[PDB]
Amino acid sequence: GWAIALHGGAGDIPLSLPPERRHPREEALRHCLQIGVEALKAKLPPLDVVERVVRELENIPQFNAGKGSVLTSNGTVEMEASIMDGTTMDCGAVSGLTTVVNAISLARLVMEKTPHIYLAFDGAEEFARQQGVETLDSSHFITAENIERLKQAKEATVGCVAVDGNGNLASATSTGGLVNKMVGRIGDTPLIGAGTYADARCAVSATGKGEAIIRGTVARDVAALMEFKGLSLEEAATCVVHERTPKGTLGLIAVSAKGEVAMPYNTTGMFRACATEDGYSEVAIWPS
Amino acid sequence: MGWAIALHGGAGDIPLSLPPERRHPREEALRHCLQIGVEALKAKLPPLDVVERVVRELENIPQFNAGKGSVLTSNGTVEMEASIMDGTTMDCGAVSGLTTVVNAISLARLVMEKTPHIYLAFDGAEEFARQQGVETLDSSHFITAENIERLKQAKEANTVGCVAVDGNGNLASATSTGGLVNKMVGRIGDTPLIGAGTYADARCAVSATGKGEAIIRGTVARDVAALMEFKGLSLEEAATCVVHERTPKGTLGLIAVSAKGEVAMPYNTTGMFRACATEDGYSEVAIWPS
Ligand SMILES: [Cl-]
Ligand SMILES: [Cl-]
Ligand SMILES: [Cl-]
Ligand SMILES: [Cl-]
Ligand SMILES: [Cl-]
Ligand code: NA
Ligand code: NA
Ligand code: NA
Ligand code: NA
């Protein structure tokens, strides 16, 4: 049957995270899970499901994508996303977005409306205007929390995977990237086979230290272990997270064509949720 | 078995009737650039320096779609991209959106060496280039008469690389391109994406060429390495499986070397401008199938 997983990012989420900051993030996870489950039960194809959920996770200011993107070194927002359809292996990606309200929707339009997969920076902003997507002033995306985070860094990702009852799979990832990143830095989120992958067998969205995820080709590696060694989703995701990538760098979510779900992480925490047709659902931050 | 090097000047529908005056300089360029890599490997230059030196020269040859001679965007502009990977460390570097940088591959290497990042693109990459003091020239330098005409033909109708291994099994890959003629401004292809156009690990080094979007979707360079690592396929078995089973005909060619000094250069296109050499005394320059 159908299955959905989502994340609001992996990293060093401290156990002492105050309730005032925990609660809104938990509420956001549970609300996005309800949106994605409602969508699958309304017979929306998995590509529409992961777009719809990641649009919400972009709009949530407590998550690093869309509004609440982390700031470049220059105190600016540069947003990036990718989307992949497992059944066609069609895909779309964008980098260097500064005014586009929903980066993941622009990635979808590159896939549908152009002969290309990947547009970035000024050409991606020009395509956004040609398509008439929603834009706001760059100041919309910058939060007080992210101004402070950049100050402290100089001193010192969201995702959705879904499968319907017919084995159709999709993956969507969106980010502001890494605090204090150099202007023009591209991380793992928009790279097919790093942050995002979907094929006949699985759909994967990765989150964490961008450069490690690129070097590790994490999303492709999950799919490759299932295809080339006959590993189950759980075996393939476990091996990548706990065997092949360094501690404190990576988490991912994955669903299979058979409707299984895996959300392993090697970080302290990962803001995560999932639901299956088989009546499993969970919302979590830390290990249980 | 000792050192080995392979290089390409791109794969695609190179017609069997390609007249001598387009074939000639490209075959000579392959032989010239192979000499650069052979002399470097005979001098025991690290593979990462070998592939950078060869691809710099391939960028400079105006008949190849990289550096000077890069194909034109829809707007008649050059937007250049490159990636480089060290198989021993899996250290890598990538650049997209370069308009004035003479050698894209060398800025990919500086990202890897001088920053905490793998990949810089467009204004931020051009600004890193200026901080680093690398050679830049006016955007008009990169535009050739041949590519003005190619773009005119594309609107009407509507890659280079090097892999090297030393006798100690150290592996490197480098790939540089103008991209696709009449591409939208800001379009990124496979060349700068680690695991699509470029990959190196302890077992192999891979550079891919052909239709960017097919190579992204097929994660070609990573797939060769994954079949060797996860199925125990030879370099040849893995390379041939990717090109002749896992990807559409007419889209892709690749060059690859193994830790053991094996060479493979399969393609599913009409042709692929290619050359290789091994310490065992083999060398080859070719365009079409034998
Ligand atoms: Cl990142
Ligand atoms: Cl010519
Ligand atoms: Cl020089
Ligand atoms: Cl390309
Ligand atoms: Cl051959
Ligand atoms: Na957000
Ligand atoms: Na497309
Ligand atoms: Na050139
Ligand atoms: Na680096």
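Chain letters run A, B, ... following the sequence lines, proteins first and then strands; every chain starts at 1.
- For B:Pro46, the side chain to side chain contact (heavy atoms under 4.5 Å, CB included) test picks out B:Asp49, with sequence neighbours left out.
- Between the side chains of A:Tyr197 and A:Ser205, no donor N or O sits under 3.5 Å from an acceptor N or O.
- Considering every non-hydrogen atom in both A:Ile186 and A:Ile214, the closest pair reads O-CD1, 4.0 Å.
- Closest heavy-atom contact between A:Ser171 and A:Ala198: N-CB, 4.2 Å.
- Comment: B:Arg222 engages B:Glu229 in a salt bridge, judged by a side-chain N to carboxylate O separation of less than 4.0 angstrom.
- Atom CZ in A:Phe228 sits 8.5 Å away from atom CZ in B:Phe230 (nearest 0.5 Å).
- Evaluation of the salt bridge (charged side-chain N to carboxylate O under 4.0 Å, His left out) test over residues 78-106 of chain B, restricted to residues two or more places apart or in two chains, returns none.
- For the side chain to side chain contact (heavy atoms under 4.5 Å, CB included) test with A:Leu71, the passing option among A:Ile142, A:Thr143, A:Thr76 is A:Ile142; the others fail.
- Taking every heavy atom of both residues into account, B:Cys204 and B:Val206 meet most closely at SG-CG2, 3.8 Å.
- Sorted by first and then second residue, the pairs that involve residues 173-196 of chain A and meet salt bridge (charged side-chain N to carboxylate O under 4.0 Å, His left out), not counting sequence neighbours, are A:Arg185-A:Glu211.
- For A:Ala262 against A:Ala237, the heavy-atom pair with the smallest separation is CB-CB, 4.0 Å.
- In terms of heavy atoms, A:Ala153 sits closest to A:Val179 at CB-CG2, 4.1 Å.
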